[PDB]
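I have placed the structure first, in the form of structure tokens, so that the comments after it can refer back to it.
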Amino acid sequence: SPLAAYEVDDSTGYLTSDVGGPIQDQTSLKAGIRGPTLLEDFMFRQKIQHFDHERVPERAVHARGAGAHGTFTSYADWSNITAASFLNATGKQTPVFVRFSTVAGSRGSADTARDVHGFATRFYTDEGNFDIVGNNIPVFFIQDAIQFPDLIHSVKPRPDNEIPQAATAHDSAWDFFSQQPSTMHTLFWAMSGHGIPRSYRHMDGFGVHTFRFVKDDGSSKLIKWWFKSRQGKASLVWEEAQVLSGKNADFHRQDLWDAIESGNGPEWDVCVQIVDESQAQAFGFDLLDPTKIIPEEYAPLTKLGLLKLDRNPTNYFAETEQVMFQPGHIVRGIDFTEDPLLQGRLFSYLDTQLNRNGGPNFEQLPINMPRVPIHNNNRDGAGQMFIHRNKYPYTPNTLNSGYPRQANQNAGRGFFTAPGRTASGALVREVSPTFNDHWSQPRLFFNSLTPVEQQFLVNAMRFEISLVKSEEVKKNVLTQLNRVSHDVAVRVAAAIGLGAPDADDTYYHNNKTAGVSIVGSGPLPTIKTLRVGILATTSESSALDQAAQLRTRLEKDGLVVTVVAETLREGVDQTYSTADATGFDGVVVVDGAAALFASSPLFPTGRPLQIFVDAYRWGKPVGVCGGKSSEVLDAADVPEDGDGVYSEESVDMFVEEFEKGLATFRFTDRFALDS
Amino acid sequence: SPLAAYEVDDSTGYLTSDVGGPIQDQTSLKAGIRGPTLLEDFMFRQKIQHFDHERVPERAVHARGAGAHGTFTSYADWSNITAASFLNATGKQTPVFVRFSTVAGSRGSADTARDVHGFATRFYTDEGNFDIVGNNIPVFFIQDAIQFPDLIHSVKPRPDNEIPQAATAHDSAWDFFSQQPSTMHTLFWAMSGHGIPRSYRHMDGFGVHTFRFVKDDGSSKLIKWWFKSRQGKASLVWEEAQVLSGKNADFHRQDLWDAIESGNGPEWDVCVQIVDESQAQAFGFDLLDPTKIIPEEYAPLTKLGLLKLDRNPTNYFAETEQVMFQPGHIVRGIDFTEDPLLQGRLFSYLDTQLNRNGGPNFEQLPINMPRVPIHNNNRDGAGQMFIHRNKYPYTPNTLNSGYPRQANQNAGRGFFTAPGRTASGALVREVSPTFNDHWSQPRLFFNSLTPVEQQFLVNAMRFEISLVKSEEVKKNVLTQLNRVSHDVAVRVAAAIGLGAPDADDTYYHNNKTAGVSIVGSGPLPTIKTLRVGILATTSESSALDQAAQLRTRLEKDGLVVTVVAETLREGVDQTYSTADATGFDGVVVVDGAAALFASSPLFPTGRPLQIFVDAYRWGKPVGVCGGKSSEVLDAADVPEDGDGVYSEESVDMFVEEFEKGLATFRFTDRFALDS
Amino acid sequence: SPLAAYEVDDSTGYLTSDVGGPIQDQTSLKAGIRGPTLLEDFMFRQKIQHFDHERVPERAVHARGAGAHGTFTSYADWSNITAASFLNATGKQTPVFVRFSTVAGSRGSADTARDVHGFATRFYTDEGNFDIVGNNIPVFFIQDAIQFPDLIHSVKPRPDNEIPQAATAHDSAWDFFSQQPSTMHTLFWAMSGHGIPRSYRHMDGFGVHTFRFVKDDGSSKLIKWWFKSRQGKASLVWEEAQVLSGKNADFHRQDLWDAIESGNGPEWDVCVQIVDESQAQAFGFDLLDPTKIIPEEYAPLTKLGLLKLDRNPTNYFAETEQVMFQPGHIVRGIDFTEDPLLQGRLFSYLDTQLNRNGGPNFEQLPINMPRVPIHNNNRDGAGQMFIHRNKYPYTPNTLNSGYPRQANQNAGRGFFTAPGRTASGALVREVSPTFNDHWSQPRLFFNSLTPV
Ligand code: HDD
Ligand code: HDD
Ligand code: HDD
Ligand SMILES: [Ca+2]
Ligand SMILES: [Ca+2]
Ligand SMILES: [Ca+2]
Ligand SMILES: [Ca+2]
Ligand SMILES: [Ca+2]
Ligand SMILES: [Ca+2]
Ligand SMILES: [Ca+2]
């Protein structure tokens, strides 16, 4: 509806060419009924040419992703810290579009690959489009934009055979990580549950770089952007993520689409850490360094407003595929910093859209257009959609009365560089020595996780590094891990049959910071949209009655309920053939269905039991409803007294207990820990 | 209208980026006042990226041209001969756009090169866009589309050095013409005054190919399209065209622009010759052969309606440069024929727009859009400007209720191939023997010109062939010319110092046809827009008074008057420095200015007399107004008794006589003839 | 030819497709002798598709031009002023390609329009391609690259009707000149005989900007490039130029082509004015200001070597139309200055080749290739002609033994920024007041012409 002016309705009418001539498109024109096709068949050629040219280049990174429309609402008048118009009044609303993504995979790769995730937000402001092009991880692998192709070549598939897809689990990636120690912090985040989020809705977004807020008086402060999820944080477990990559490559885009259509559109508090210019080097690291966080203990979050996604696209290609974000899409009241990663990005995003669009007029695509007037002397180029009336498109002119007028700090609400910014020194291709500590913050992050989270991170590294063929690369990796934590290096080395190097305690410490643990972020604040699989049977009418009564009680609380049975019928959503534990956040067996848990042509041997066992092993709340639990729980080897295992006769009591389980989300006592 | 919706007004406001952010664009952002430019200067890069990408590939042919908007009005309900909707009612109006062009020159080449000229007309009909992509000459050089690159490579500049621009006067072109005798008919037209028309408004347009008109009952007739100029026919002389190419490379586009702005928008009667399907081979040649005309004596013209151009474009690049014509843009009621030149064109024009536009969505540019709804399953591609609501874009479907519906002869006013068409025989790459007479019609054309026109054509061939370096090519040329006319070959040979081959009378005859002669087409039906230069002086108050009284009386009759003098002042439009005889259709000297016709720092020596003499030598009406007369005519060696030479004291009597001269347009008795 | 390995010979043999299948190309395949053309006629479609796509975008400026190959020969070992390898020995020869042009006209406009002219030279050095992208007039219209589209829009045809072609003789151009007084110096040069040279061979070339020569020890000097014509200087007269624009739009390209074929290949002494860094503001104007010349009386020319053009192209499109010059094509021993016109050009020329070539691999076109090995981790892109053996194209790596190695001042003959260059002050979009005298040098130029 924000792009309603560009919509084309095909719910009625006769087929036409692109120039409005009514045609057919089902049979080629031929010289006789069993004859050759004619070149004069323009109906054929226009249709096939279009098809032949449908594809455009995938994004060079973040190729796999999905988007939605929404609204940003300001919680206050923020004039006292920024001139930005979209933040200048309590309750002020601005349309947004957001795209979420992975980084490394090509555009049909699985959502649930282990990776960094993008979170890109466009504010269609009344003073121009403003984009925050962020990730779900607050720090980046590298300290200089010029290194980006080195990073990306190393993590993408090996270029002789293009193996492996959407994965860091190969020699080249771990070679790069071990030789470029800046990578350690982002690596630790990606090897945590932050690399396999439960959904786009259950992850945060970060600007990563320090930016500036600039007031109308010219004064500036340093900021970091934080989008805090109102759905809570949650992750998958790796073994789950692997199966889900096969059973549902579209899991995250489906989850987002469904949440929006059910009226559960996801929300984030859009926040900033704000510090003075004088604190650039006050926190024991450089705020120009994008491998570093500011701990919340040193600078608290200020909540600026609400981001809500509540409308799905009409056409994916036209909206999601074509949206072209840029950190260069900046508005008055915001400015850059001398972060050498940010500085280079400003070049890349303007240039890459030429590749994607094939032409320079990509800002004229509906999804990229602003919602205010455009007044400039840009002309021509392939795909030019405007018809410009001003026939004197040069400045300075008298023949168009000196219009358009120049905008700056003092006239026309122009963008302006923060006027206190300076530069001083030699022109150098040198790294600031203030960037040289690559290991303390990785250690801060590791220290801040729970014991089971630390085990999962260790396990993710053991998984990936065990697939590295080069013994030299594996040694080099242990050398770098060892500088973060001797314990990590020892535990990782045990899996790959190497000795860890001797402890090097230069960067070891015991500091912790709040807000980076997933397990530690307590029960989820809402269980709406979570998925409950009810395993039933058509062989017992009482099993379907149990299923229907459970459905009513669970749906009342906004859970998405799937009843599973051997075959479809009224009340049954899915067959055992298509069902999997990866499709549910909790699994309930109705006790009328106990007999399935001891063969059928309608689903693979042991499928009903496998769903239950997989769900248990992956830490999910599981239960049996009806009061006869022993047969199912014994077949599964699930103890009745287990945490997150439910056994009740009463449907009401069953659901009350089970819903607490869904909020807990994962029962971490079911995972073994290294001594 | 898609044009009005995309018009952009920059007559007020502050400069913005393409995403609506107010900016400046006059100074680069630098590290200090004498420092280097910063990469983070997004204002710089967006502006320069746009400039860097302004150009698109020129058209492969017809790159040099100009366009205007107007209206077509039907004179009648033509249902009795065609189903075409734009012809289905008396007074029915359809918007048009027309582009006129040369063929061989690049953008930037001179309008007044000797060449075939394009005349491409788009009708934005209520049943889709219909294009007639025609030339100002009714026959084409070649008989099969597959030869087009051979023709075009031969006429375009030699590919080692890219010489010469916009000219057939070089060895490769005449090699091709002499080896491919199909070229003779079009060659004769191009070597006549049809190769150097006075304006786009003073030339006719032709579809060239035989097409079909198809009725709603399925019956068909064969047609040729003829656009007959209501301004009359007129040419330049070669020596004038050469000078004009240097003095004003924009002469034809200026003439069109100016006529439209003064409310003298040019008009054509849109006509057809209509013959029965059974007459395809009845006239002594094949109607599938595009090297042949139907003589008016064999099939008279039917006037279908009025084409008027009356509005200039707003932005040349957006409208004229981007307009993308196709013979494949056809409507119900029209069909193709098996002309092997037409057949191949249908492929070329769909394909080449991919080159020009850089992507498949070229029909979405405003100038290319239709004026009725588009309903089809074409999707995606670079530059996709629509948001399609139908999410089941396939046929057959139930999930969008079977829409869009198929259109055909019986439903939806679908296009349909003429149902009487058949094909029979071997699949062959062979030329029909009915196409083999390459010489009789060239001779018919030559016979139909006046003696002086025949001399001009011989003179154009003497000029071009004299510049061919190869003696063998020159001999081969005489061989082919000789098959058309022994006299032509004798007269051409005299200039290049070869002997003509012996007469070969196989194709010789004395038949003539009406309507192909320019000299023969009688006085112009209107003199509005024609240019009168009045040569005066600032020395003499009486010269300027003579000039002003002449101006008033000439401007009354719609003539564009320029008073020329040594310097500008009130009443004087142009200096002798910038004035040339090529800028006028008639030249008047006022008596008071006699002294200039016997040196000055304000213009080149002899410029005033040169303008007068050049005008006389090129056949234009010339005179002296004031009744001294003898001194100026003696200085010029212009005889007072000469046809188109005027000498009067009375301004009223002078103008009455002079205006008849302008209608006569050219005085051909001033050109020498071969014995 | 220097480009002999890429040449295709068609002086014998049978017509083939682009994939070597022998074919014909004179008649379409039809359903009967008077029948419609068949879609299965691949001979037709491959031929016509190629034709349909022959054209590329003309250059945004300098679209009308012509080129030739030649040789540059150094007169000495210039190590005392520059590390540049092509200048490091007496008699050292380097292949060149040069393109000359007008500025404003489209690619079939007249050579003898009144205009500034381009003079672009590529040296295919043994340390990489070095381009000097110069003009025949030593000063430019504007003082900041960001103004270039304003200048060019004003001088190009009015955008409602695209009139007039290749001429400053219209309201918009003179509006710009009169409102932007920086333009006065170049305007006076264009309005002199330098706007209508007799030939490309009878004009000089200038780098325009101050550049730096950098020695292997890191010290730098400021230079201006001057290519002095050994044929002399000569102009047309305007009335002559106008007539010639119609009688022979190809006059300058024909003149060059003919001179080369007759064994009269044109020559230039390649010269520099060399001054110390301390003289940037010593001559009464700023050397960062591209609207200013250094009078020969203040800094004399040093002759570095001979440029001779002596071989015409084989294929105009492939060589002349496709050559893609960049001031960013720099070699060790040369460096930029903070001239805000030069600074912006560095961005433009890399970007615009994407428009012309339609793809990122434009340096692989034969005319653009270097004459020395390429070792880098650039990969893929449309039109990729190389087959790279190194399957670890990232730095730092161990799996390709740390190759390619980094090159810099101290290893691998790397390019390096002149190490004494600094910046200091506010980040500003402000013009230096040292650039404000727009009128004295125009007057110096006018004073220096003869009465006629
Ligand atoms: C020097 C190059 C470079 C560097 C250092 C980065 N990126 Fe980037 N990024 C690109 C070059 C790039 C790109 C090649 O320009 C992409 C590809 C597609 C596009 O429009 O831009 C891109 C895409 C891209 C997307 C996808 C936007 C969308 O959904 O369409 C996200 C979310 C980011 N990037 C985020 C980041 C973050 C958070 C970074 C570091 C803090 C980062 N990028 C550094
Ligand atoms: C098989 C190729 C071929 C053949 C045989 C022809 N043409 Fe064509 N023509 C082209 C291939 C083409 C082209 C390459 O497709 C052009 C260049 C730009 C475009 O839109 O199509 C074109 C452009 C073009 C234009 C310019 C349209 C404009 O103003 O934009 C006109 C007026 C014609 N042609 C007319 C003719 C006529 C009357 C022909 C024979 C009767 C003819 N052409 C044969
Ligand atoms: C910021 C933009 C800009 C600015 C300030 C300039 N130019 Fe430029 N120039 C271009 C943008 C450009 C371009 C758009 O990037 C072109 C078009 C084609 C190409 O390869 O580069 C170009 C082409 C071009 C050519 C044609 C090279 C060839 O023959 O292919 C010459 C000789 C010059 N320029 C010379 C200059 C000189 C002597 C300048 C000032 C001292 C100058 N340009 C400033
Ligand atoms: Ca690998
Ligand atoms: Ca976790
Ligand atoms: Ca392209
Ligand atoms: Ca030739
Ligand atoms: Ca049909
Ligand atoms: Ca103008
Ligand atoms: Ca002179």
Side-chain angles (χ1 to χ4, degrees), chain A residues 198-199 201-202 231-232 234 248 251 254-255 257-266 523-538 540-566 568-576 578-594 596-597 608 611-612 614-616 618-629 632-633 636 638 642-667:
Chain A
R198 160 60 179 71
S199 89
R201 309 184 288 121
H202 289 95
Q231 291 69 233
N248 190 0
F251 181 52
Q254 188 79 72
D255 161 289
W257 190 91
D258 289 358
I260 285 172
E261 292 296 323
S262 63
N264 293 101
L524 295 171
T526 178
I527 59 171
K528 297 189 177 201
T529 77
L530 300 185
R531 302 159 304 150
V532 182
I534 303 167
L535 308 189
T537 180
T538 60
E540 299 289 348
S541 67
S542 80
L544 294 177
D545 290 335
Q546 292 178 296
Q549 295 167 33
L550 263 160
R551 172 192 297 275
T552 301
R553 179 72 189 77
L554 291 167
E555 287 188 340
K556 185 180 82 34
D557 299 332
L559 296 152
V560 176
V561 174
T562 303
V563 172
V564 183
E566 300 90 336
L568 299 190
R569 50 172 287 163
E570 217 221 315
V572 174
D573 303 286
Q574 174 168 199
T575 64
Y576 279 108
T578 69
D580 188 80
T582 60
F584 311 115
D585 297 302
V587 174
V588 184
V589 174
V590 296
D591 75 354
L596 275 50
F597 292 84
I611 294 169
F612 192 81
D614 283 348
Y616 175 75
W618 297 339
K620 305 178 184 288
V622 296
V624 185
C625 184
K628 296 185 188 285
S629 66
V632 173
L633 294 184
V638 170
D643 290 325
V645 179
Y646 305 95
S647 186
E648 296 296 342
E649 178 176 33
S650 161
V651 171
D652 282 327
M653 217 173 298
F654 182 94
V655 167
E656 282 282 7
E657 295 172 18
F658 194 79
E659 281 181 348
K660 284 185 147 44
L662 287 164
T664 296
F665 188 75
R666 181 156 300 119
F667 287 82

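Proteins come first, then strands; the chains are lettered A, B, ... in the order of their sequence lines, and each starts at number 1. Atom set for the values below is all heavy atoms of this structure, side chains included, hydrogens, waters and symmetry mates excluded.
Remark: of the listed residues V563(A), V564(A), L568(A), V563(A) is the sole one forming a side-chain contact (heavy atoms from CB on, under 4.5 Å) with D573(A). Screening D557(A), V655(A), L559(A) for a side-chain contact (heavy atoms from CB on, under 4.5 Å) involving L662(A) leaves a single residue, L559(A).
Distance check: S647(A) OG to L633(A) CG gives 6.0 Å after rounding to the nearest 0.5 Å. Atom CD1 of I611(A) and atom CG of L535(A) lie 5.5 Å apart (nearest 0.5 Å). Between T529(A) atom OG1 and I260(A) atom CD1 the span is 11.5 Å, to the nearest 0.5 Å. From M653(A), atom CE reaches atom OH of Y646(A) across 14.5 Å, with rounding to the nearest 0.5 Å. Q231(A) contributes atom CD, which lies 8.0 Å from atom OG1 of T526(A) (distance to the nearest 0.5 angstrom). The CD atom of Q549(A) sits 11.5 Å away from atom CG of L544(A), with the distance rounded to the nearest 0.5 Å.
Of all heavy-atom pairs spanning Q574(A) and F584(A), the tightest one is NE2-CZ, 4.3 Å. Looking at every heavy atom in both residues, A636(A) comes nearest to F612(A) through CB-CD2, 3.6 Å. Counting all heavy atoms, side chain and backbone alike, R569(A) lies closest to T538(A) at CD-CG2, 3.9 Å. Closest heavy-atom contact between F658(A) and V587(A): CZ-N, 3.7 Å. The two atoms that bring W618(A) and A581(A) nearest to each other are CZ3-CB, 3.8 Å, heavy atoms only. Nearest heavy-atom pair across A593(A) and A543(A) is N-CB, 4.2 Å.
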With side-chain contact (heavy atoms from CB on, under 4.5 Å) as the criterion, how do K556(A) and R553(A) come out once you've worked through the C-alpha distance, each side chain's angles and the decisive distance to 0.1 Å? CA-CA 5 Å; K556(A) 185 180 82 34; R553(A) 179 72 189 77; 3.5 Å; yes
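Open room surrounds CD on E649(A); 12 or fewer heavy atoms of other groups in view lie less than 6.0 Å from it.
Ring geometry for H202(A) against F665(A) counts as parallel: the plane angle stays under 30°, on a 0 to 90° scale with 60° as the upper cut.
At distances below 3.5 Å, at least one donor-acceptor pair connects side-chain atoms of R551(A) with backbone N or O atoms of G571(A). Looking at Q546(A), its side chain does come within 3.5 Å of a backbone N or O of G592(A) through a donor-acceptor pair. Remark: side-chain polar atoms of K528(A) are not paired, donor with acceptor, to backbone N or O of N264(A) under 3.5 angstrom. Between the side chain of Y616(A) and the backbone N or O of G644(A) there is no donor-acceptor pair closer than 3.5 Å. Judged by distance alone, with hydrogens and angles left aside, the side-chain atoms of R531(A) form a donor-acceptor pair with the main-chain N or O of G583(A) at under 3.5 Å.
Partners of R198(A) by side chain to side chain donor-acceptor pair (under 3.5 Å), not counting sequence neighbours, listed by chain and number: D255(A), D585(A).
Side-chain atoms of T537(A) and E566(A) form a donor-acceptor pair, as typed in the model, at a separation below 3.5 Å. There is a side-chain donor-acceptor pair under 3.5 Å between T582(A) and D580(A).
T664(A) is not listed as a side-chain neighbour of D643(A), based on a closest heavy-atom distance of 4.5 Å or more.
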